[PDB]
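Q: Have a look at the structure that comes next, please.
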Ligand SMILES: *[C@@H]1O[C@H](CO)[C@@H](O[C@@H]2O[C@H](CO)[C@@H](O[C@@H]3O[C@H](CO)[C@@H](O)[C@H](O)[C@@H]3O)[C@H](O)[C@H]2NC(C)=O)[C@H](O)[C@H]1NC(C)=O
Ligand SMILES: *[C@@H]1O[C@H](CO)[C@@H](O[C@@H]2O[C@H](CO)[C@@H](O[C@@H]3O[C@H](CO)[C@@H](O)[C@H](O)[C@@H]3O)[C@H](O)[C@H]2NC(C)=O)[C@H](O)[C@H]1NC(C)=O
Ligand SMILES: *[C@@H]1O[C@H](CO)[C@@H](O[C@@H]2O[C@H](CO)[C@@H](O[C@@H]3O[C@H](CO)[C@@H](O)[C@H](O)[C@@H]3O)[C@H](O)[C@H]2NC(C)=O)[C@H](O)[C@H]1NC(C)=O
Ligand SMILES: *[C@@H]1O[C@H](CO)[C@@H](O[C@@H]2O[C@H](CO)[C@@H](O[C@@H]3O[C@H](CO)[C@@H](O)[C@H](O)[C@@H]3O)[C@H](O)[C@H]2NC(C)=O)[C@H](O)[C@H]1NC(C)=O
Ligand SMILES: *[C@@H]1O[C@H](CO)[C@@H](O)[C@H](O)[C@H]1NC(C)=O
Ligand SMILES: *[C@@H]1O[C@H](CO)[C@@H](O)[C@H](O)[C@H]1NC(C)=O
Ligand SMILES: [Fe+3]
Ligand SMILES: [Fe+3]
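Chains as they are written, first to last, in the deposited numbering: chain A, 342 to 689; chain B, 342 to 689.
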């Protein structure tokens, strides 16, 4: 079996996948599922081979025995002659975002506000913010800390999914895939920009990438950077330019995960695949571009220069980092998770 | 060893072979095996010398180091003046064939349909259709694409062998030799003519050759040309008369293969052998006709005028054509093969 079966989450990621298969000549093929946890189960079960996960989902995959393969790398500030595949990975900035018009909304005034999230169990939209909120309150009532939220993945009949809009017919409310209007980085931002929520937990890069006409989709083009403000742990409301000291935490990059037995092969294929269809690649933009999806961060983030290597075969722990592992572990004492609990025997 | 040891597949091909031996005065003799792969292994091992293979089987033979010797060549409409052994080869038309009666079955609704095939790994019955289906779906789960199939050679306990009937006691279900009821071109057709399947992947010529009493065997004689029809890649359902732009792909002719050292010998013996017992032959029909097989396409196709030479020194690649070689290679990224793996190994 020399093909690598990519798991796509939802029809958008699935149609991109379909193309990737065709252009790579079935070097890559596609399994599909509604949610990322379903895909993690597909990879567990041998019906798929690999997928690109947010660090939060990498915690779950690693609890189920999967390992990381290749990290994402995005344009750096240091500017290095070292090649993208060899350049050290940077992290990204998890930040809270508000409309500047809503004054008097600081860190310490978030209770009973409407919040927007990428999805449940992701790093910027959930793990870091909710972990911090639980730490301060001394309470596991993250479910009742906000009046309403949109957090795809949560209990669909809960208040954490009250704000999620579904697709366009309004169906599949709060499924954690891009079919949902407010899924993901982009979706949490949109959720804020149409003021369905008061704060959005995203990354630094989302704010710039969707403001000042960088996205010429409906909601986004008209958006404006100065109308938005980064809440800090201190209690301030700084502008987006001040992200380097107004960030909630530093988040490990979305990385590819696979089973151990299939790791080295998947890496191989992917290293070559990005040569063919990556940023500066032979068939990019002729036949297919792997890291470009028309602003929907499909399969990978759109701002991915390339997939960088890692040192050795790292575990999910080494990759994510002892301290982020602990922050996650602690947030998860507040909440049992089916996939996590079914797998919990693998690490005892 | 001036004898050419022909490999026969099944007792049916074996008993025709036997006669061919006797009349040719042991200029040719017979080895036997259950399947075509087994015969290719006999040629590898020096235990046989040559046999006539479908283009798909020629790819496998070529991965194991065998070379083509003489193509089959069929009654043409054009050129027709250069003698048969010197006439350029034309290819053949791989087509999908359905009962006309079954409306609402085009190309794009073949999922969950019942399929009939010549055998696994052949050009018209397997490689071209499945290759396209895998390309369309972006998925290597071709085994689960059709509800049931008959594809001799597949895992006999699988669903791709569910429909195959065996011989007459029903034994040897789904072995890819003519003793199984739905093996080969003819066998795929019949699988349709008795509606055990909904589509059959065969060549143009099979359709005419079994309809309108062109065959006076049981199932075939009563057939009508217009009760069967050809699905197109566009999605149409045009007549068999319309084969020329409702063809799935162009198929390289069934060719004889041998080991590389024995090629030039086998050629001469065969060119002389067809002079003796061929279409236009001194001992045909008197004592033996090499290209007539009791309507069972034994050893060679029945519509074979003769064996034509090949241009230059061809590899299995050159003969089949750079593009169909790739169509095969990709479909085989979805499936490991024992003989191919042993040959990817031992010859290197
Ligand atoms: C699909 O995946 C295959 C498998 O990796 C890719 O084919 C491989 O790519 C190149 C193109 O010929 C070959 O690599 C080179 O081989 C030669 C030795 O002859 C040498 O320059 C280097 O050692 C280098 O590795 C390799 O032979 C080839 N593999 C096969 C089996 O042909 C292919 O590029 C991928 N295509 C797409 C569209 O994804
Ligand atoms: C927060 O996210 C934004 C958006 O990704 C980051 O800004 C981006 O930073 C890179 C590197 O600093 C910029 O590239 C630089 O731009 C100049 C063009 O003047 C170019 O010559 C250099 O080669 C260099 O790559 C990039 O333009 C910029 N993106 C946008 C949309 O402005 C920012 O660095 C992040 N902030 C923190 C604190 O990490
Ligand atoms: C089996 O194969 C051998 C070939 O190796 C056949 O032997 C050949 O038999 C013919 C006579 O039938 C000989 O032909 C000669 O041709 C010239 C014309 O250029 C003529 O002048 C001679 O008088 C003679 O007719 C030929 O020499 C001979 N070849 C060998 C190598 O001995 C044999 O007939 C084949 N038998 C069957 C049943 O296939
Ligand atoms: C699809 O397959 C059918 C059957 O294999 C092809 O029809 C056959 O075509 C040959 C050559 O065109 C015909 O031979 C002709 O016979 C007549 C005598 O009646 C003669 O006038 C011509 O000189 C030529 O020799 C043959 O009769 C015909 N067979 C049948 C049963 O109709 C057809 O050409 C194939 N079409 C495509 C597009 O591949
Ligand atoms: C089949 O794959 C080819 C490349 O091998 C691609 O160009 C084509 O688009 C694929 N088929 C379809 C229906 O897209
Ligand atoms: C809160 O602070 C940090 C989380 O940022 C954590 O290390 C610490 O254990 C927590 N303690 C309490 C009492 O919440
Ligand atoms: Fe993330
Ligand atoms: Fe064939």
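Note that the Cβ used here is the ideal one computed from N, Cα and C, for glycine as well.
Can you check which of these residues, A:366, A:347, A:410, is closest to residue 383 of chain A by C-alpha distance?
A: Within the first chain, numbered from 1, the residue matching residue 383 of chain A stands at position 42. Here the closest residue by C-alpha is A:347.
Q: Out of B:398, B:517, B:496, B:613, point me to the one whose CA is closest to residue 426 of chain B's CA.
A: Locating residue 426 of chain B in the second chain gives position 85, counting from the first residue. The shortest Cα separation from residue 426 of chain B among B:398, B:517, B:496, B:613 belongs to B:613.
Q: Is residue 423 of chain A near ligand 2, going by C-beta to nearest heavy atom under 8 Å?
A: Start at 1 with the first residue of the first chain, and residue 423 of chain A comes out as number 82. For ligand 2, not one heavy atom lies less than 8 Å from the Cβ of residue 423 of chain A.
Q: Is the distance from the Cβ of residue 504 of chain B to the Cβ of residue 457 of chain B below 9 Å?
A: Position 163 of the second chain, counting from 1, holds the residue named residue 504 of chain B. Position 116 of the second chain, counting from 1, holds the residue named residue 457 of chain B. Contact: yes.
Q: When you compare each of A:583, A:681, A:676 to residue 436 of chain A by their alpha carbons, which one comes out closest?
A: Here residue 436 of chain A is taken as the residue at index 95 of the first chain, counted from 1. Of the candidates A:583, A:681, A:676, the one whose C-alpha sits nearest the C-alpha of residue 436 of chain A is A:583.
Q: Rank B:418, B:592, B:484, B:567 by C-alpha distance to the C-alpha of residue 581 of chain B and give the top, closest one.
A: Here residue 581 of chain B refers to the residue found at position 240 when the second chain is read from its first residue. Closest by alpha carbon: B:567.
Q: Which chain B residues are close to residue 362 of chain A, counting only those with a beta carbon under 7 Å from its beta carbon?
A: To locate residue 362 of chain A, count along the first chain from 1; it is residue 21. Residues of chain B passing the Cβ test: 479.
Q: So, are the CB atoms of residue 397 of chain A and residue 464 of chain A less than 9 Å apart?
A: To locate residue 397 of chain A, count along the first chain from 1; it is residue 56. To locate residue 464 of chain A, count along the first chain from 1; it is residue 123. In contact: residue 397 of chain A and residue 464 of chain A (Cβ atoms closer than 9 Å).
Q: Which class does residue 362 of chain B belong to by DSSP, given the choice of helix, strand or coil?
A: The count along the second chain starts at 1 and reaches residue 362 of chain B at position 21. Helix, per DSSP.
Q: How far does the alpha helix (DSSP H) with residue 384 of chain A in it extend, from its first residue to its last?
A: The count along the first chain starts at 1 and reaches residue 384 of chain A at position 43. 377-385 is the extent of the alpha helix (DSSP H) around residue 384 of chain A.
Q: Can you pull the chain B neighbours of residue 576 of chain A, defined as C-beta to C-beta under 7 Å?
A: Residue mapping note: residue 576 of chain A aligns to position 235 of the first chain, counting from 1. Going along chain B, no residue has its Cβ under 7 Å from residue 576 of chain A, so there is no contact; the nearest lies around 50 Å.
Q: What is the rounded straight-line gap between the Cα of residue 361 of chain B and the Cα of residue 354 of chain A?
A: Locating residue 361 of chain B in the second chain gives position 20, counting from the first residue. Locating residue 354 of chain A in the first chain gives position 13, counting from the first residue. Looking at the two C-alpha atoms, the distance is approximately 59 Å.
Q: Buried or exposed for residue 489 of chain A, going by 16 or more other Cβ atoms inside 10 Å?
A: Within the first chain, numbered from 1, the residue matching residue 489 of chain A stands at position 148. Its Cβ being crowded by 16 or more others within 10 Å, residue 489 of chain A is buried.
Q: Name the one or two DSSP bridge partners that residue 590 of chain A has.
A: Counting from 1 along the first chain, the entry for residue 590 of chain A is found at position 249. In DSSP, residue 590 of chain A forms a bridge with A:435.
Q: Run through the DSSP bridge pairs and tell me what residue 347 of chain A is partnered with.
A: Mapped onto the first chain, residue 347 of chain A falls at position 6. Paired residues: A:371, A:391.
Q: Using a Cβ-Cβ cutoff of less than 8 Å, which residues in the same chain neighbour residue 655 of chain B once the five nearest sequence positions on both sides are dropped?
A: Here residue 655 of chain B refers to the residue found at position 314 of the second chain. Only 408, 409 meet the Cβ criterion.
Q: DSSP three-state call for residue 578 of chain A: helix, strand or coil?
A: Residue numbering aside, residue 578 of chain A sits at position 237 when the first chain is read from its first letter. If DSSP states are grouped into helix, strand and coil, residue 578 of chain A belongs with the strands.
Q: Determine the chain B residues that contact residue 344 of chain A at a beta-carbon separation under 8 Å, and present them in chain order.
A: Here the question's residue 344 of chain A lines up with position 3 in the first chain. Residues of chain B passing the Cβ test: 481, 674, 675.
Q: Leaving out five residues before and five after residue 547 of chain A in sequence, what residues of the same chain have Cβ atoms less than 6 Å from its Cβ?
A: Here residue 547 of chain A corresponds to residue number 206 of the first chain, with the count starting at 1. 526, 530, listed in sequence order.
Q: What residue range does the beta strand (DSSP E) around residue 646 of chain A cover?
A: For this step, residue 646 of chain A is matched to residue 305 along the first chain. Unbroken beta strand (DSSP E) run through residue 646 of chain A: 645-649.
Q: By how many angstroms is the C-alpha of residue 356 of chain A removed from the C-alpha of residue 364 of chain A?
A: Sequence index remark: in the first chain, residue 364 of chain A carries index 23 (1-based). Sequence index remark: in the first chain, residue 356 of chain A carries index 15 (1-based). Cα to Cα, the separation comes out at about 13 Å.
Q: May I ask which residues mark the beginning and end of the alpha helix (DSSP H) holding residue 529 of chain B?
A: Residue numbering aside, residue 529 of chain B sits at position 188 when the second chain is read from its first letter. Taken as a continuous stretch (DSSP letters only), the alpha helix (DSSP H) holding residue 529 of chain B covers 525-534.
Q: Helix, strand or coil, according to DSSP, for residue 487 of chain A in the structure here?
A: If you number the first chain from 1, residue 487 of chain A lands on position 146. In this structure, residue 487 of chain A counts as coil in the three-state DSSP scheme.
Q: Can you confirm whether residue 366 of chain A, when its beta carbon is compared against all beta carbons of chain B, has any partner nearer than 9 Å?
A: Looking up residue 366 of chain A in the first chain gives position 25. True, the Cβ-Cβ gap to chain B drops below 9 Å.
Q: Evaluate residue 609 of chain B with the Cβ neighbour count: other Cβ atoms within 10 Å of its Cβ, from every protein chain shown; 16 or more gives buried, anything less gives exposed.
A: The residue given as residue 609 of chain B occupies position 268 in the second chain. By the neighbour-count rule (16 or more Cβ atoms within 10 Å), residue 609 of chain B is not buried but exposed.
Q: Using CA atoms only, rank isn't needed, just tell me which of B:502, B:445, B:454 is closest to residue 487 of chain B.
A: Within the second chain, residue 487 of chain B is the residue found at index 146, counting from 1. That would be B:454, whose Cα lies nearest to the Cα of residue 487 of chain B.
Q: Could you tell me which chain B residues have their CB closer than 9 Å to the CB of residue 370 of chain A, listed as they occur along the chain?
A: Locating residue 370 of chain A in the first chain gives position 29, counting from the first residue. Chain-order list of chain B residues neighbouring residue 370 of chain A: 475, 478, 479, 480, 481, 482, 674, 675, by C-beta distance under 9 Å.
Q: Starting from residue 470 of chain A and walking both ways along the alpha helix (DSSP H), at which residues does that stretch end?
A: Taking the first chain and counting its residues from 1, one reaches residue 470 of chain A at position 129. It spans 469-478 - the alpha helix (DSSP H) in which residue 470 of chain A sits, taken as one unbroken run.
Q: Using 9 Å as the limit for Cβ to Cβ distance, is residue 671 of chain B near chain A?
A: Stepping through the second chain from its first residue, residue 671 of chain B is reached at position 330. Chain A, which has a Cβ nearer than 9 Å to the Cβ of residue 671 of chain B, makes this yes.
Q: Whose C-beta lies closer than 6 Å to the C-beta of residue 377 of chain A among residues of the same chain, with five residues either side of it excluded?
A: The sequence position of residue 377 of chain A within the first chain is 36, counting from 1. Sequence-distant partners of residue 377 of chain A (beyond 5 residues in either direction) whose C-beta falls short of 6 Å from its own C-beta, in its chain, are 350, 398.
Q: What is the DSSP secondary structure of residue 516 of chain A, counted as helix, strand or coil?
A: What you label residue 516 of chain A is simply residue 175 of the first chain in a count that begins at 1. In this structure, residue 516 of chain A counts as coil in the three-state DSSP scheme.
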